[PDB]
Each structure stands twice: as structure tokens, then as C-alpha cells.
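Residue numbers (the entry's author numbering): 20 to 710.
Backbone N, C-alpha and C fix where the C-beta goes; we use that ideal spot for every residue, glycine too.
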Amino acid sequence: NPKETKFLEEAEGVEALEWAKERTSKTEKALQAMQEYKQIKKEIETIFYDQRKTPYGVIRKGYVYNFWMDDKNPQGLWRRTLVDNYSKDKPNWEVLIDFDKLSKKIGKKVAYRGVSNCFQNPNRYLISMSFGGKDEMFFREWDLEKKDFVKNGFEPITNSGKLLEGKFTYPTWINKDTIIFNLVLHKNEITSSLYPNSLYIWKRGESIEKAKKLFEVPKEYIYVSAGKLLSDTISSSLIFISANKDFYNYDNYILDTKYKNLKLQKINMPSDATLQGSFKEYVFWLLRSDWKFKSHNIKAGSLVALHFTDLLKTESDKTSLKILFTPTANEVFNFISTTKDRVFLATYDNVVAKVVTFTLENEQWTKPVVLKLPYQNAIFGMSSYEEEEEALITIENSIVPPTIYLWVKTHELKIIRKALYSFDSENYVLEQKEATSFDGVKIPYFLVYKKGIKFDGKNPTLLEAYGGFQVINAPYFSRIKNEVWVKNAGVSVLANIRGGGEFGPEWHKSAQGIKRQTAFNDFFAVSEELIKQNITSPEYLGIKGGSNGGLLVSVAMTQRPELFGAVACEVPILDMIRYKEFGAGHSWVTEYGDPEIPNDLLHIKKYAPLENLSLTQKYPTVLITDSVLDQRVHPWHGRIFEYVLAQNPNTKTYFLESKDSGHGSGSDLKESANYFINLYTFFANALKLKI
Ligand SMILES: [Cl-]
Ligand SMILES: [Cl-]
Numbered sequence: 020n021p022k023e024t025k026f027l028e029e030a031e032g033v034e035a036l037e038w039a040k041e042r043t044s045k046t047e048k049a050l051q052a053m054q055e056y057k058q059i060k061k062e063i064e065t066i067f068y069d070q071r072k073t074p075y076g077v078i079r080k081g082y083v084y085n086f087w088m089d090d091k092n093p094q095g096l097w098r099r100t101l102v103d104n105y106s107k108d109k110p111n112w113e114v115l116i117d118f119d120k121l122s123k124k125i126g127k128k129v130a131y132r133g134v135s136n137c138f139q140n141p142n143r144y145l146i147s148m149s150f151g152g153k154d155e156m157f158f159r160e161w162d163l164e165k166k167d168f169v170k171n172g173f174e175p176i177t178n179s180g181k182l183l184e185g186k187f188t189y190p191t192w193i194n195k196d197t198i199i200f201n202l203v204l205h206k207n208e209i210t211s212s213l214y215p216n217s218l219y220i221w222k223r224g225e226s227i228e229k230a231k232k233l234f235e236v237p238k239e240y241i242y243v244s245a246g247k248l249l250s251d252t253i254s255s256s257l258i259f260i261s262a263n264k265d266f267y268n269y270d271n272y273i274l275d276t277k278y279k280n281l282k283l284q285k286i287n288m289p290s291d292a293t294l295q296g297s298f299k300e301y302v303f304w305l306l307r308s309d310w311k312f313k314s315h316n317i318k319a320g321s322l323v324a325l326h327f328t329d330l331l332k333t334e335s336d337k338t339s340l341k342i343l344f345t346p347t348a349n350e351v352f353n354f355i356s357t358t359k360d361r362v363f364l365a366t367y368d369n370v371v372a373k374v375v376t377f378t379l380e381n382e383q384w385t386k387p388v389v390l391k392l393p394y395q396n397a398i399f400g401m402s403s404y405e406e407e408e409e410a411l412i413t414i415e416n417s418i419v420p421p422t423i424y425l426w427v428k429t430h431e432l433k434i435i436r437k438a439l440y441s442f443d444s445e446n447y448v449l450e451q452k453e454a455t456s457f458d459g460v461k462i463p464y465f466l467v468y469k470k471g472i473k474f475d476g477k478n479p480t481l482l483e484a485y486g487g488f489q490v491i492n493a494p495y496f497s498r499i500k501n502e503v504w505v506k507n508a509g510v511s512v513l514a515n516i517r518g519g520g521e522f523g524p525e526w527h528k529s530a531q532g533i534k535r536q537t538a539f540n541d542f543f544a545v546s547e548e549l550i551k552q553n554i555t556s557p558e559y560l561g562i563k564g565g566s567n568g569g570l571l572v573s574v575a576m577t578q579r580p581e582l583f584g585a586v587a588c589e590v591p592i593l594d595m596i597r598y599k600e601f602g603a604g605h606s607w608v609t610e611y612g613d614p615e616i617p618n619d620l621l622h623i624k625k626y627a628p629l630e631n632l633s634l635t636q637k638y639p640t641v642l643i644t645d646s647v648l649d650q651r652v653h654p655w656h657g658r659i660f661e662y663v664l665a666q667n668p669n670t671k672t673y674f675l676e677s678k679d680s681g682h683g684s685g686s687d688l689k690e691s692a693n694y695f696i697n698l699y700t701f702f703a704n705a706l707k708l709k710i
């Protein structure tokens with residue numbers, strides 16, 4: 020019965036933790052006894068603790084800021100160096116905050132979760148932090164001149180000293196003495212998805228009990244957030260308030276903070292349009308749906324720009340709106356990023372990165388200039404601020420390590436850092452291929468292998484996908500997969516299945532809700548194609564997915580067990596009947612359908628893994644992972660799958676429950692390292708990697 024299962028529903032406490040510890044210990048001892056473990060451990064530790072790891076960063080006021088972890092500092096160091104030093108192989112870094120020292124002090128893992136700098140006094144930062152991998156977080160104000168926390172500064176503590184935490188509580192500076200944030204002051208100030216439901220404004224020197232509530236959303240909404248509408252260099256007083264109603268639709272507002280009285284004014288934009296950035300007084304918005312705007316049908320996936328004042332106006336009064344991107348068939352929007360005098364528009368065309376830059380001249384958008392990316396199958400990233408003329412760009416592909424480039428004030432890329440580690444890209448092949456799905460639709464996939472392998476169906480192969488939430492699953496360079504898997508003659512595959520965002524909102528909507536089986540079919544189409552082409556065979560084929568991808572792979576192995584030889588189901592959502600009861604489950608009703616609506620439940624039960632398991636069926640060996648402090652999906656999902664599968668004597672399972680990773684691989688570097696040693700030992704042993 021579910022009475023037998025009920026103890027596992029409690030994340031912490033007693034019977035669940037003991038049950039989980041025992042299975043985890045059995046699993047770790049079993050992995051540690053496999054012939055492949057010693058070698059896999061060596062290879063992973065060499066990578067994770069490598070002093071030649073690339074120190075990625077962001078430029079502010081003549082310095083590059085970096086966050087660094089290694090075996091000495093697994094929680095990590097927030098640090099900086101002069102931009103002139105950043106080109107040196109081994110820059111002289113100034114350590115700003117040592118999180119390992121902080122953790123030792125408090126007696127708990129304190130994880131760095133980002134920073135926000137004050138425009139009015141740029142020596143002041145709000146440092147975001149969490150205990151381990153919790154979604155709940157807090158912050159502390161910190162001063163650069165002092166290189167220390169500000170005594171009695173902004174930190175969400177009560178008049179007894181009690182620290183208040185909230186899931187993705189992040190603060191925004193109003194002025195040097197005022198912040199706004201999504202504070203959980205009272206226990207009940209949360210939505211049904213358990214995110215903070217309120218925004219508070221808080222003045223320096225006042226108890227948090229004196230903070231003024233400015234905004235509250237209904238319980239049925241997902242979350243509320245505050246952030247800046249424009250660059251602080253244009254306005255520090257316009258705040259964007261975003262109330263996410265049902266994951267995809269929003270009520271958004273401008274909060275103007277500079278007048279005698281605060282002013283809150285509702286933004287008139289399509290409810291599923293999203294703010295993507297700004298430049299000067301203009302704002303960029305992405306469309307998820309077609310917009311009939313005056314004469315025009317502006318297609319779903321387009322980017323428009325408008326003056327911020329037109330956000331408050333009726334369609335009749337919206338004179339500044341311009342269309343900046345209209346995707347052709349294989350195109351999708353990626354991001355906007357801004358410098359002092361340029362806007363960068365990053366897109367994909369057939370899952371290959373493309374970038375242009377433009378500006379404003381005489382209040383008109385200039386003709387964009389192509390920024391040529393000198394990699395095949397390029398993947399693009401960058402950090403920048405409108406306050407800064409210079410920016411750091413990365414370009415990479417799945418088999419070529421990332422290069423970091425400085426964007427200089429004369430508007431060109433200059434190489435600033437190459438990888439210090441060695442990876443001989445010419446010994447590998449990267450192919451972009453397509454499978455044909457059940458309905459004739461072509462599904463992209465990326466295939467990476469070592470030159471010289473035979474296509475005789477005996478290559479150990481690891482196939483990954485995600486397939487949800489309009490997420491673009493781009494083929495980035497993975498040092499771990501390339502060096503631990505592909506260098507040992509394993510094959511790597513990434514499938515851009517529907518549910519994702521690789522071809523814009525329609526690519527997502529096609530496998531959304533009760534259409535989820537479309538995502539799963541896409542994944543089978545790729546799996547079968549790998550086998551047909553004698554890249555691999557079921558015995559050598561492993562599949563890996565996390566979170567939403569954890570549903571994907573548990574569905575795959577239960578519908579099509581005969582296609583696969585090994586599975587890793589990581590921090591999964593998978594109990595699709597009961598998902599609303601656990602963690603942030605209410606937030607995804609529009610993604611999966613509502614199990615309490617008969618028609619949605621009927622579709623969900625056709626695929627839900629716990630509804631489609633047979634005791635007498637051999638399933639592929641599976642590694643299931645979850646965490647006590649996973650507040651996103653809750654460990655129930657991993658625990659119940661293990662509990663039920665454990666009872667099938669035809670199936671071998673490995674289970675790993677982490678104390679404090681949360682929704683991820685580990686909340687410090689050592690724990691992540693151990694997680695990937697366990698995972699790669701599992702696959703190497705299951706699929707016979709020659710290691
Ligand atoms: Cl930073
Ligand atoms: Cl102060």
C-alpha cells in the first residue's frame with residue numbers, strides 16, 4: 020500500500036534518512052569494488068582539482084571577478100584581478116571572500132549564490148548565500164574597502180538574531196540605504212509552490228520588523244520577484260516587479276521609487292512575453308505567442324523593443340515598438356547582453372550560435388553588424404554590463420575548449436585566455452545529425468566520438484536529453500565527458516527533443532502537457548537511429564537525464580526497456596500523479612497537466628513510470644539519485660522509484676541520496692567530484708568502457 024511508502028514522504032527525520040543512508044552505503048561500496056572505480060576516480064579528481072581549470076569571469080571597474088573552487092577550497096573563493104593580469108597564465112588573484120572559512124566559522128556548508136553591487140556606493144555588495152544546496156537563501160552586506168561583512172548591515176535577521184530564509188530570495192538595491200526583496204517575514208508569506216509571495220522595502224538602520232510590505236501575490240501564483248528595469252546608469256529607481264501566475268504567464272509592473280509616494284503601474288504587454296534586457300531607456304521583450312499588434316501579426320519567438328514609457332500605454336498609444344528579430348524556420352532567440360554602447364543579440368540557427376551587435380543613433384536602431392564566430396558548431400556566451408565598455412565573451416564547441424575573448428572599446432574581439440589544459444580536438448569528431456520521429460519531424464542530435472572507432476554496434480554510448488520548459492539544450496564543451504568518456508572511446512550523444520526550445524516556443528508546446536509522449540518518442544527515434552547506424556546496440560547504450568530529464572529517462576526505460584543497457588535517473592521528478600504534493604510541484608501544472616483533472620490524469624497515467632512497472636520485467640540497470648535538501652522536486656521521487664524497483668528481482672538498481680546537494684550534483688566541489696566518480700564508474704562498468 021501507500022501506507023508502506025509513507026515514511027519516505029518526509030525529507031528529513033528518521034526512517035527515511037536511515038533507509039536512504041543504508042542503500043547509499045551499499046551502493047557506494049558496490050561502485051568502489053568495480054574494477055573501473057580507481058581509474059575513473061583518478062580521472063575525475065585530476066579534472067575537478069586541476070589548477071589549470073579556466074577561471075571564467077566578469078569585468079567591473081578595471082577588475083575581473085571570478086569564483087574558484089578546488090580541493091583546498093571546495094566551497095570556494097570569490098576573487099578578483101586587474102584586467103591587465105587576466106591575460107597571464109597565472110594571474111595574481113586578490114581573495115575577497117573565502118566560503119570555506121565562512122563555513123568553518125558557522126559550522127555548516129555556506130554556498131556562494133551570487134552578488135549585487137550598489138550603484139550609489141560601488142564598494143557595497145549584497146552577497147547571496149544558502150546553506151548547502153537549498154533553494155532557500157539569504158544574503159549579507161559586504162564592503163570592498165574593508166574586505167569584510169558590514170557590521171549591522173543588510174542581512175535578513177529578526178530582532179532576536181534569527182535568520183530568515185526564502186526560496187530564491189534575492190535583494191535589489193533602491194539606493195545606498197534601501198533595498199527591496201522577496202522576504203518571507205511571516206511563515207505564511209509563501210505561495211502554493213512555496214516561493215515567497217511578498218515584496219518588502221527595507222531602510223538602513225531599521226529592524227526588519229519595520230520593513231514595509233509593498234506587494235503580495237495570491238497563493239495560487241508561483242512567485243513574485245523584483246529587479247531593475249533599466250541599467251542603474253540610466254535609472255536606479257525604476258523597479259520591474261514580476262508576478263509569475265502559472266509558470267508562463269505573468270502580471271508585471273513598474274514600481275517607480277523616486278517620488279514622494281511610491282507608484283505602482285501595471286505593464287500592458289502580452290501575458291507570456293518576457294523581459295530580456297534594456298539599452299538606454301528602451302526594453303527588449305521576447306514573445307512566446309503570436310501578438311496581433313495594430314496592423315501586424317508579430318510571430319511567436321520574435322524580439323521587440325520599445326521605450327519603457329510605452330510599457331504602460333494601450334496598444335493605441337504605443338508609438339515606439341520595433342521588431343528586432345523575426346525568426347526564420349530554424350532560428351531561435353537566445354539572449355540580449357548590453358555594453359555601454361552596444362547591444363549583443365545572440366541567437367541559434369539550427370542550434371548553431373549566431374551573434375550581431377547594434378546600437379541607437381538618433382533614437383533609431385542601427386543596422387546590425389555580424390560578429391563572426393571562429394568555431395564550427397559555435398556556442399556563444401558572455402558577461403557584460405551597460406556600465407562597462409568592455410566585456411568577456413566565450414566561444415566553444417563540443418570538442419574545442421572555450422576561448423575567452425575581451426571585447427575592446429574599438430568594437431572587436433581580442434583573445435584574452437585560452438584553456439591551459441590539454442585536449443586534442445583533432446582526435447575527435449563532432450557531427451550534427453537528424454533523426455526522423457514518429458510523425459515525420461526531424462530531431463537534431465549531436466554525436467561526438469574518438470577518431471578510429473568502428474561502427475560495429477559495440478561502442479559504449481551515453482545519450483542525454485532534457486526536453487521540457489522551452490529549454491535550449493545546446494552542445495557545450497564538457498571536459499568531464501570528453502576526457503573521461505570520449506577519450507576512452509565512448510560515444511557521446513545529445514538529442515534536441517521536443518519539449519525543449521531549440522526551435523522556439525512551438526518546439527516546446529509540441530510536447531507540453533498531455534503531449535509529453537511526443538518528447539519521449541523523439542528520444543526513441545534518436546536511440547533507434549544510433550542502433551540502426553551501428554554506432555551502438557542496446558547492451559552498450561546508456562541514457563542519462565536529471566530533473567525533468569529524470570522523468571524522460573524513467574519513462575524511456577519503462578516503455579522501451581529493450582533499447583537500453585543502463586540508465587542514470589538524477590534528482591528526478593517522476594511521481595506524476597502526486598507531484599503537486601512535493602517541493603515546488605504546483606509550479607509545473609502547466610508543463611505536465613493537472614493529475615486531478617480526469618483527462619490530464621488519463622494521459623499522464625499512460626507514461627507515468629510508477630504506473631507502468633511490472634515485477635517480472637527486466638529493466639536496464641539504473642542509478643537513481645536524490646537529495647535530502649532538494650527543495651525543487653523533493654527526494655520522494657527518487658526514493659519511491661528505488662523502493663518499488665528494489666522489489667523487482669530482475670532489475671539491478673544503484674541509489675545515492677545526498678545529505679546536502681539539493682537539486683544538483685553536490686553543493687561543494689568535493690561532493691560533486693564524488694557524485695561524478697560514482698556516476699561514471701556506474702556507466703563505465705555497465706557499458707564496458709575500456710578504461
Ligand atoms: Cl562577481
Ligand atoms: Cl553603513
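The beta carbons of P289 and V243 sit no closer together than 9 Å.
Note: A245 is bridge-paired with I260 in the DSSP secondary-structure output. In this structure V375 touches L390 by the C-beta definition: roughly 6 Å separates them, less than 8 Å. The closest heavy atom of ligand 2 lies 8 Å or more from the beta carbon of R159. Annotated as proximal: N501 and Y447, with beta-carbon spacing under 9 Å. When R517, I659 and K318 are compared, the shortest CA-CA separation from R597 is found for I659. By the C-beta density criterion, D103 is exposed, having fewer than 16 other C-beta atoms within 10 angstroms. Residue list for ligand 1: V77, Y84 and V134 (CB closer than 6 Å to any heavy atom, chain order).
Sixteen is the threshold: when 16 or more other Cβ atoms of the shown chains lie within 10 Å of the Cβ of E62, as they do, the residue is buried.
The alpha-carbon of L392 is positioned some 44 Å away from that of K127. Not one heavy atom of ligand 2 lies closer than 8 Å to the C-beta of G519. Within the model, the alpha-carbon separation for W97 versus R223 is close to 25 Å. Contact between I562 and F583 holds: their C-beta atoms lie close to 6 Å from each other, under 8 Å. The C-alpha of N540 lies about 17 Å from the C-alpha of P557. The beta-carbon separation of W384 and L343, rounded to 7 Å, stays under the 8 Å limit for a contact. Within the model, the alpha-carbon separation for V83 versus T422 is close to 16 Å. The beta-bridge partner set that DSSP reports for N478 is empty.
Along the length of the segment 169 to 245, whole alpha helix (DSSP H) runs at least 4 residues long do not occur.
Three or more beta-carbon pairs separated by less than 8 Å link the segment 486 to 504 to the segment 526 to 543, which places the two stretches in contact.
For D275, the three-state secondary structure derived from DSSP is strand. Ligand 2 has no heavy atom closer than 8 Å to the beta-carbon of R498. Secondary structure note for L283: its beta strand (DSSP E) is the uninterrupted segment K282 to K285. The DSSP-derived three-state label of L145 is strand. By the neighbour-count definition (other C-beta atoms within 10 Å, threshold 16), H205 is an exposed residue. Collapsing the DSSP output to three states places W655 in a helix. Here DSSP, grouped into helix, strand and coil, assigns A410 to strand. Residue nearest to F352 within the set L560, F327, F303 and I227 is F303 (criterion: CA-CA distance). Under the three-state reduction of DSSP output, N136 falls in the strand class. Here the segment 182 to 198 makes contact with the segment 233 to 253; the two share three or more CB pairs at distances below 8 Å. In the assembly as shown, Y278 is an exposed residue. Its beta-carbon has fewer than 16 other beta-carbons within 10 Å. Residue environment for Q531: buried (at least 16 other C-beta atoms within 10 angstroms of its C-beta). Counting only residues of its own chain and dropping the five nearest sequence neighbours on each side, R361 has a CB closer than 6 Å to the CB of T376 and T378. In the pairwise beta carbon analysis, the segment 143 to 159 is classified as touching the segment 677 to 686: at least three pairs are separated by under 8 Å. A residue is called buried when at least 16 other Cβ atoms come within 10 angstroms of its Cβ; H315 does not meet this threshold and is exposed.
DSSP, read as helix, strand or coil, puts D594 in coil. Looking only at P494, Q295, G520 and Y626, the smallest Cα-Cα distance to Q395 is reached by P494.
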